[PDB]
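Novice: Just work17.cif, nothing more (mmCIF, N, CA and C atoms):
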```cif
data_protein
#
loop_
_atom_site.label_atom_id
_atom_site.label_comp_id
_atom_site.auth_asym_id
_atom_site.auth_seq_id
_atom_site.Cartn_x
_atom_site.Cartn_y
_atom_site.Cartn_z
N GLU S 3 -59.08 -16.13 -30.34
CA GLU S 3 -59.42 -15.43 -29.11
C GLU S 3 -59.49 -16.39 -27.92
N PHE S 4 -58.93 -15.96 -26.79
CA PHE S 4 -58.75 -16.85 -25.66
C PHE S 4 -60.07 -17.13 -24.95
N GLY S 5 -60.24 -18.37 -24.53
CA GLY S 5 -61.37 -18.79 -23.73
C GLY S 5 -62.39 -19.63 -24.47
N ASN S 6 -62.37 -19.64 -25.80
CA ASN S 6 -63.31 -20.44 -26.57
C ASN S 6 -62.62 -21.11 -27.75
N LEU S 7 -61.44 -21.68 -27.51
CA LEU S 7 -60.67 -22.31 -28.58
C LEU S 7 -60.84 -23.82 -28.62
N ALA S 8 -60.85 -24.49 -27.47
CA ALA S 8 -60.88 -25.94 -27.45
C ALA S 8 -61.52 -26.42 -26.16
N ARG S 9 -61.88 -27.70 -26.14
CA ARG S 9 -62.44 -28.36 -24.97
C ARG S 9 -61.37 -29.29 -24.41
N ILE S 10 -60.83 -28.94 -23.25
CA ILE S 10 -59.76 -29.69 -22.60
C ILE S 10 -60.25 -30.13 -21.23
N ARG S 11 -60.12 -31.42 -20.94
CA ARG S 11 -60.50 -31.97 -19.65
C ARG S 11 -59.38 -32.83 -19.10
N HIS S 12 -59.26 -32.82 -17.76
CA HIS S 12 -58.35 -33.68 -16.99
C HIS S 12 -56.88 -33.47 -17.34
N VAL S 13 -56.47 -32.21 -17.52
CA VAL S 13 -55.08 -31.87 -17.80
C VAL S 13 -54.60 -30.89 -16.74
N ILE S 14 -53.50 -31.22 -16.07
CA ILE S 14 -52.89 -30.37 -15.06
C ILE S 14 -51.52 -29.93 -15.56
N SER S 15 -51.21 -28.65 -15.38
CA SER S 15 -49.93 -28.09 -15.78
C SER S 15 -49.24 -27.45 -14.58
N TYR S 16 -47.94 -27.67 -14.47
CA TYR S 16 -47.12 -27.12 -13.39
C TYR S 16 -46.02 -26.27 -13.99
N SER S 17 -45.75 -25.12 -13.38
CA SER S 17 -44.72 -24.22 -13.88
C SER S 17 -43.94 -23.64 -12.71
N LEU S 18 -43.00 -22.75 -13.02
CA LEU S 18 -42.25 -22.01 -12.02
C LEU S 18 -42.18 -20.54 -12.40
N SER S 19 -41.84 -19.72 -11.41
CA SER S 19 -41.52 -18.34 -11.67
C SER S 19 -40.20 -18.25 -12.44
N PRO S 20 -40.08 -17.28 -13.35
CA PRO S 20 -38.79 -17.08 -14.03
C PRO S 20 -37.69 -16.60 -13.10
N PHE S 21 -38.04 -16.04 -11.95
CA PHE S 21 -37.09 -15.68 -10.92
C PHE S 21 -36.77 -16.83 -9.98
N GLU S 22 -37.51 -17.92 -10.06
CA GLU S 22 -37.30 -19.06 -9.19
C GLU S 22 -36.44 -20.15 -9.82
N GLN S 23 -36.08 -20.02 -11.09
CA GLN S 23 -35.37 -21.06 -11.80
C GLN S 23 -34.21 -20.48 -12.60
N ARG S 24 -33.27 -21.36 -12.95
CA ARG S 24 -32.10 -20.97 -13.71
C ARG S 24 -32.48 -20.60 -15.14
N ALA S 25 -31.74 -19.65 -15.70
CA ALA S 25 -31.93 -19.31 -17.11
C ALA S 25 -31.43 -20.42 -18.01
N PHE S 26 -30.22 -20.93 -17.75
CA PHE S 26 -29.56 -21.92 -18.60
C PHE S 26 -29.29 -23.17 -17.78
N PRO S 27 -30.30 -24.00 -17.55
CA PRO S 27 -30.12 -25.18 -16.69
C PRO S 27 -29.55 -26.35 -17.48
N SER S 28 -28.31 -26.72 -17.17
CA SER S 28 -27.53 -27.76 -17.86
C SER S 28 -27.49 -27.49 -19.36
N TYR S 29 -26.85 -26.37 -19.71
CA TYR S 29 -26.92 -25.86 -21.07
C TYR S 29 -26.14 -26.74 -22.03
N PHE S 30 -24.83 -26.87 -21.81
CA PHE S 30 -24.00 -27.63 -22.74
C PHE S 30 -24.23 -29.13 -22.59
N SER S 31 -24.32 -29.61 -21.35
CA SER S 31 -24.40 -31.05 -21.07
C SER S 31 -25.69 -31.68 -21.57
N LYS S 32 -26.77 -30.90 -21.71
CA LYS S 32 -27.99 -31.40 -22.32
C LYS S 32 -28.26 -30.79 -23.69
N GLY S 33 -27.45 -29.83 -24.12
CA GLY S 33 -27.66 -29.19 -25.40
C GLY S 33 -26.85 -29.82 -26.51
N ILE S 34 -25.61 -30.21 -26.22
CA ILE S 34 -24.79 -30.90 -27.22
C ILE S 34 -25.37 -32.24 -27.64
N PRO S 35 -25.81 -33.15 -26.73
CA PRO S 35 -26.47 -34.37 -27.22
C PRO S 35 -27.78 -34.14 -27.97
N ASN S 36 -28.55 -33.12 -27.60
CA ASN S 36 -29.84 -32.92 -28.26
C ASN S 36 -29.64 -32.32 -29.65
N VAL S 37 -28.67 -31.41 -29.79
CA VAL S 37 -28.31 -30.88 -31.11
C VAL S 37 -27.73 -31.98 -31.98
N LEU S 38 -26.93 -32.87 -31.39
CA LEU S 38 -26.40 -34.01 -32.13
C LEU S 38 -27.51 -34.96 -32.57
N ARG S 39 -28.54 -35.14 -31.74
CA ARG S 39 -29.66 -36.00 -32.10
C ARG S 39 -30.48 -35.40 -33.24
N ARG S 40 -30.73 -34.09 -33.19
CA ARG S 40 -31.46 -33.44 -34.28
C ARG S 40 -30.67 -33.48 -35.59
N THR S 41 -29.35 -33.30 -35.49
CA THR S 41 -28.48 -33.41 -36.65
C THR S 41 -28.50 -34.82 -37.23
N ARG S 42 -28.46 -35.84 -36.36
CA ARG S 42 -28.54 -37.23 -36.79
C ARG S 42 -29.88 -37.53 -37.45
N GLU S 43 -30.95 -36.90 -36.99
CA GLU S 43 -32.25 -37.10 -37.59
C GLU S 43 -32.43 -36.38 -38.92
N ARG S 44 -31.69 -35.29 -39.18
CA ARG S 44 -31.99 -34.49 -40.36
C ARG S 44 -30.92 -34.43 -41.46
N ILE S 45 -29.69 -34.92 -41.22
CA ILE S 45 -28.65 -34.82 -42.25
C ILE S 45 -28.97 -35.67 -43.47
N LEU S 46 -29.57 -36.85 -43.28
CA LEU S 46 -29.82 -37.73 -44.42
C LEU S 46 -30.97 -37.24 -45.29
N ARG S 47 -31.75 -36.28 -44.82
CA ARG S 47 -32.75 -35.63 -45.65
C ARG S 47 -32.27 -34.30 -46.23
N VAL S 48 -31.37 -33.60 -45.55
CA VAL S 48 -30.96 -32.26 -45.97
C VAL S 48 -29.69 -32.28 -46.82
N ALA S 49 -28.62 -32.91 -46.32
CA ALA S 49 -27.28 -32.71 -46.89
C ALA S 49 -27.05 -33.24 -48.31
N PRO S 50 -27.44 -34.47 -48.70
CA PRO S 50 -26.98 -35.02 -50.02
C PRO S 50 -27.39 -34.23 -51.26
N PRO S 51 -28.56 -33.55 -51.33
CA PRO S 51 -28.75 -32.63 -52.48
C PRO S 51 -27.74 -31.50 -52.55
N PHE S 52 -27.33 -30.97 -51.40
CA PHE S 52 -26.33 -29.91 -51.40
C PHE S 52 -24.95 -30.44 -51.76
N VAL S 53 -24.63 -31.68 -51.36
CA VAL S 53 -23.38 -32.30 -51.78
C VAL S 53 -23.37 -32.53 -53.29
N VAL S 54 -24.50 -32.99 -53.85
CA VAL S 54 -24.60 -33.22 -55.29
C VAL S 54 -24.44 -31.92 -56.06
N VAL S 55 -25.09 -30.84 -55.61
CA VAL S 55 -24.92 -29.59 -56.34
C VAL S 55 -23.56 -28.93 -56.09
N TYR S 56 -22.87 -29.27 -55.00
CA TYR S 56 -21.47 -28.89 -54.86
C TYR S 56 -20.61 -29.55 -55.93
N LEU S 57 -20.81 -30.86 -56.14
CA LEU S 57 -20.09 -31.54 -57.22
C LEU S 57 -20.46 -31.01 -58.60
N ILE S 58 -21.73 -30.64 -58.81
CA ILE S 58 -22.14 -30.03 -60.08
C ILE S 58 -21.45 -28.68 -60.28
N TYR S 59 -21.35 -27.88 -59.22
CA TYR S 59 -20.68 -26.58 -59.30
C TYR S 59 -19.20 -26.73 -59.63
N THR S 60 -18.52 -27.67 -58.95
CA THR S 60 -17.09 -27.87 -59.19
C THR S 60 -16.83 -28.44 -60.58
N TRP S 61 -17.66 -29.39 -61.02
CA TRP S 61 -17.53 -29.96 -62.35
C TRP S 61 -17.78 -28.92 -63.43
N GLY S 62 -18.78 -28.06 -63.23
CA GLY S 62 -19.07 -27.03 -64.22
C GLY S 62 -17.97 -25.99 -64.31
N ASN S 63 -17.38 -25.62 -63.17
CA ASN S 63 -16.25 -24.69 -63.19
C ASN S 63 -15.04 -25.29 -63.88
N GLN S 64 -14.73 -26.56 -63.61
CA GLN S 64 -13.57 -27.16 -64.27
C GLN S 64 -13.83 -27.43 -65.75
N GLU S 65 -15.09 -27.68 -66.14
CA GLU S 65 -15.39 -27.87 -67.55
C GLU S 65 -15.34 -26.54 -68.30
N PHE S 66 -15.76 -25.46 -67.65
CA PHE S 66 -15.60 -24.13 -68.24
C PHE S 66 -14.13 -23.76 -68.39
N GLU S 67 -13.31 -24.08 -67.38
CA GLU S 67 -11.88 -23.82 -67.46
C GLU S 67 -11.21 -24.65 -68.55
N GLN S 68 -11.62 -25.90 -68.72
CA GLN S 68 -11.05 -26.73 -69.77
C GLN S 68 -11.51 -26.29 -71.15
N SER S 69 -12.74 -25.77 -71.27
CA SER S 69 -13.18 -25.23 -72.55
C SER S 69 -12.52 -23.90 -72.86
N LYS S 70 -12.00 -23.20 -71.84
CA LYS S 70 -11.16 -22.04 -72.12
C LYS S 70 -9.86 -22.43 -72.80
N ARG S 71 -9.32 -23.61 -72.48
CA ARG S 71 -7.99 -23.98 -72.96
C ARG S 71 -8.00 -24.29 -74.45
N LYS S 72 -6.93 -23.86 -75.12
CA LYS S 72 -6.78 -24.12 -76.55
C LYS S 72 -6.46 -25.59 -76.77
N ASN S 73 -7.26 -26.24 -77.61
CA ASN S 73 -7.04 -27.65 -77.90
C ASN S 73 -5.94 -27.79 -78.95
N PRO S 74 -4.84 -28.49 -78.65
CA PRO S 74 -3.75 -28.68 -79.60
C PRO S 74 -4.16 -29.57 -80.77
N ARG F 398 -53.22 -2.10 18.93
CA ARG F 398 -52.41 -2.39 17.75
C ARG F 398 -53.10 -1.95 16.47
N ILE F 399 -54.43 -1.99 16.44
CA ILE F 399 -55.17 -1.55 15.26
C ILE F 399 -55.08 -0.03 15.11
N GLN F 400 -55.20 0.69 16.23
CA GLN F 400 -55.27 2.15 16.23
C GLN F 400 -53.98 2.81 15.76
N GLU F 401 -52.86 2.09 15.77
CA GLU F 401 -51.58 2.65 15.37
C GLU F 401 -51.35 2.58 13.87
N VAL F 402 -52.28 2.02 13.11
CA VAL F 402 -52.13 1.86 11.67
C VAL F 402 -52.69 3.09 10.97
N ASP F 403 -51.85 3.78 10.21
CA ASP F 403 -52.28 4.86 9.34
C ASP F 403 -51.96 4.46 7.90
N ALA F 404 -52.15 5.41 6.98
CA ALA F 404 -51.99 5.11 5.56
C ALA F 404 -50.54 4.89 5.17
N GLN F 405 -49.62 5.59 5.83
CA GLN F 405 -48.21 5.54 5.45
C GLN F 405 -47.61 4.17 5.71
N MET F 406 -47.80 3.64 6.92
CA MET F 406 -47.29 2.30 7.20
C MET F 406 -48.09 1.23 6.49
N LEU F 407 -49.35 1.51 6.14
CA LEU F 407 -50.13 0.57 5.33
C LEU F 407 -49.50 0.38 3.96
N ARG F 408 -49.19 1.48 3.27
CA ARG F 408 -48.59 1.32 1.96
C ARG F 408 -47.13 0.89 2.04
N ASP F 409 -46.44 1.15 3.16
CA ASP F 409 -45.11 0.58 3.36
C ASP F 409 -45.17 -0.94 3.48
N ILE F 410 -46.08 -1.46 4.31
CA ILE F 410 -46.23 -2.90 4.49
C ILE F 410 -46.71 -3.56 3.20
N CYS F 411 -47.64 -2.92 2.48
CA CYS F 411 -48.13 -3.50 1.24
C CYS F 411 -47.09 -3.46 0.14
N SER F 412 -46.23 -2.44 0.11
CA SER F 412 -45.12 -2.47 -0.83
C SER F 412 -44.09 -3.52 -0.44
N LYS F 413 -44.00 -3.84 0.85
CA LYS F 413 -43.12 -4.93 1.28
C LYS F 413 -43.64 -6.28 0.80
N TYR F 414 -44.92 -6.56 1.01
CA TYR F 414 -45.43 -7.91 0.80
C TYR F 414 -46.05 -8.14 -0.57
N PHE F 415 -46.57 -7.10 -1.23
CA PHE F 415 -47.27 -7.29 -2.50
C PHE F 415 -46.47 -6.84 -3.71
N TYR F 416 -45.75 -5.73 -3.62
CA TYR F 416 -45.17 -5.12 -4.80
C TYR F 416 -43.96 -5.90 -5.29
N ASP F 417 -44.00 -6.27 -6.58
CA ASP F 417 -42.93 -6.96 -7.30
C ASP F 417 -42.54 -8.28 -6.63
N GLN F 418 -43.55 -9.07 -6.30
CA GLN F 418 -43.36 -10.38 -5.71
C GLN F 418 -43.78 -11.46 -6.70
N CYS F 419 -43.40 -12.70 -6.40
CA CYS F 419 -43.74 -13.82 -7.25
C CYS F 419 -44.88 -14.58 -6.62
N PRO F 420 -46.08 -14.53 -7.18
CA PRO F 420 -47.24 -15.15 -6.53
C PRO F 420 -47.35 -16.64 -6.85
N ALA F 421 -48.25 -17.28 -6.12
CA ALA F 421 -48.66 -18.66 -6.36
C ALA F 421 -50.10 -18.65 -6.87
N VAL F 422 -50.31 -19.27 -8.02
CA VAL F 422 -51.60 -19.27 -8.71
C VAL F 422 -52.15 -20.68 -8.70
N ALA F 423 -53.45 -20.81 -8.45
CA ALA F 423 -54.13 -22.09 -8.55
C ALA F 423 -55.46 -21.87 -9.26
N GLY F 424 -55.64 -22.53 -10.40
CA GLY F 424 -56.87 -22.42 -11.16
C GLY F 424 -57.54 -23.76 -11.31
N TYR F 425 -58.87 -23.74 -11.36
CA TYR F 425 -59.65 -24.96 -11.56
C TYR F 425 -60.92 -24.61 -12.32
N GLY F 426 -61.19 -25.37 -13.38
CA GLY F 426 -62.36 -25.16 -14.19
C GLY F 426 -62.00 -24.69 -15.58
N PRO F 427 -62.90 -23.95 -16.22
CA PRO F 427 -62.60 -23.37 -17.55
C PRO F 427 -61.66 -22.18 -17.45
N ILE F 428 -60.36 -22.46 -17.35
CA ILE F 428 -59.38 -21.44 -17.01
C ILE F 428 -58.48 -21.14 -18.19
N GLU F 429 -59.02 -21.23 -19.41
CA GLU F 429 -58.23 -20.93 -20.60
C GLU F 429 -57.87 -19.45 -20.67
N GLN F 430 -58.76 -18.57 -20.23
CA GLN F 430 -58.48 -17.15 -20.26
C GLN F 430 -57.71 -16.68 -19.03
N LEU F 431 -57.42 -17.57 -18.09
CA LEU F 431 -56.53 -17.24 -16.99
C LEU F 431 -55.14 -16.98 -17.57
N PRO F 432 -54.54 -15.82 -17.31
CA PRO F 432 -53.33 -15.43 -18.03
C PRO F 432 -52.13 -16.28 -17.66
N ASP F 433 -51.13 -16.25 -18.53
CA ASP F 433 -49.89 -16.95 -18.26
C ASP F 433 -49.13 -16.21 -17.16
N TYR F 434 -48.25 -16.94 -16.46
CA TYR F 434 -47.61 -16.46 -15.23
C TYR F 434 -46.79 -15.20 -15.45
N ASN F 435 -46.27 -14.99 -16.66
CA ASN F 435 -45.55 -13.76 -16.93
C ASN F 435 -46.48 -12.56 -16.92
N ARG F 436 -47.76 -12.74 -17.26
CA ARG F 436 -48.70 -11.63 -17.22
C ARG F 436 -49.07 -11.26 -15.79
N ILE F 437 -49.24 -12.25 -14.91
CA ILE F 437 -49.49 -11.97 -13.50
C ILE F 437 -48.24 -11.36 -12.85
N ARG F 438 -47.06 -11.88 -13.20
CA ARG F 438 -45.81 -11.33 -12.68
C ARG F 438 -45.57 -9.90 -13.16
N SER F 439 -46.03 -9.57 -14.36
CA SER F 439 -45.99 -8.18 -14.80
C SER F 439 -47.06 -7.34 -14.13
N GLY F 440 -48.18 -7.95 -13.76
CA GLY F 440 -49.20 -7.23 -13.02
C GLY F 440 -48.87 -6.99 -11.56
N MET F 441 -47.84 -7.65 -11.04
CA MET F 441 -47.38 -7.40 -9.68
C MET F 441 -46.59 -6.11 -9.52
N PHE F 442 -46.37 -5.34 -10.58
CA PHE F 442 -45.73 -4.04 -10.44
C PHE F 442 -46.36 -3.08 -11.43
N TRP F 443 -46.16 -1.79 -11.17
CA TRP F 443 -46.58 -0.73 -12.07
C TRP F 443 -45.36 -0.08 -12.70
N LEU F 444 -45.49 0.29 -13.97
CA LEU F 444 -44.46 1.08 -14.62
C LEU F 444 -44.58 2.57 -14.31
N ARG F 445 -45.67 2.98 -13.68
CA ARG F 445 -45.88 4.37 -13.30
C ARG F 445 -45.33 4.70 -11.93
N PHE F 446 -44.78 3.73 -11.21
CA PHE F 446 -44.29 3.94 -9.86
C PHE F 446 -42.82 4.34 -9.88
#
```
Represent the structure contained in this file as structure tokens.
Specialist:
Amino acid sequence: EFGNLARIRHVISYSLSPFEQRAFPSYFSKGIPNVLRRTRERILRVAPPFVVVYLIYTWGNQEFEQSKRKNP
Amino acid sequence: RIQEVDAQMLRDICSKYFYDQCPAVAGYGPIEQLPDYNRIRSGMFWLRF
């Protein structure tokens, strides 16, 4: 509930009207580097398990296909 | 100049200067319950008008 959540002192905040400012201010020119930075920060934690299970999926499919084949 | 003011031009002038405008807000003190600017900007108009 608003008004009794925290004790804040010596903090000033400045804003604008939504009619006084652009909706998309420097969208691509500041969005492509920031998305690239977040990607650079998170690929080494996210991607390699998915790459490993991609190789597990492909290996399992080819091993199933080879076990289908009649051994001479 | 005062005597020429009736209710019709009063609400015409007030709809000119007050209705659906973007205000300037200044708060000082325990102002946590002071609403965010979108709430004041929504309070600058009525949906019943």
Novice: Taking the file as shown, what set of residues would the PyMOL selection byres ((chain F) within 8 of (chain S)) give back, as a ChimeraX atom specification?
Specialist: /F:419-420,427-431,434-435
Novice: Given the file above and the PyMOL selection byres (((chain F and resi 446 and name CA) around 12) and name CA), which residues are selected, and can you give them as a PyMOL selection string?
Specialist: chain F and resi 412+416-417+441-445
Novice: Enumerate, as a list in words, the complete set of residues in chain F that a backbone-based DSSP assignment places in alpha helix (DSSP H).
Specialist: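 Selecting the alpha helix (DSSP H) positions of chain F gives residues 404, 405, 406, 407, 408, 409, 410, 411, 412, 413, 414, 434, 435, 436, 437, 438, 439 and 440 of chain F.
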Novice: Which distance in Å separates CA of residue 436 in chain F and CA of residue 15 in chain S, to one decimal?
Specialist: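 Pair CA of residue 436 in chain F / CA of residue 15 in chain S returns 16.6 Å.
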Novice: Could you tell me how far CA of residue 422 in chain F lies from CA of residue 24 in chain S, in Å and to one decimal?
Specialist: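 If I compute the distance from CA of residue 422 in chain F to CA of residue 24 in chain S, I get 20.2 Å.
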Novice: In Å to one decimal, how far is CA of residue 413 in chain F from CA of residue 439 in chain F?
Specialist: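 The value is 16.7 Å.
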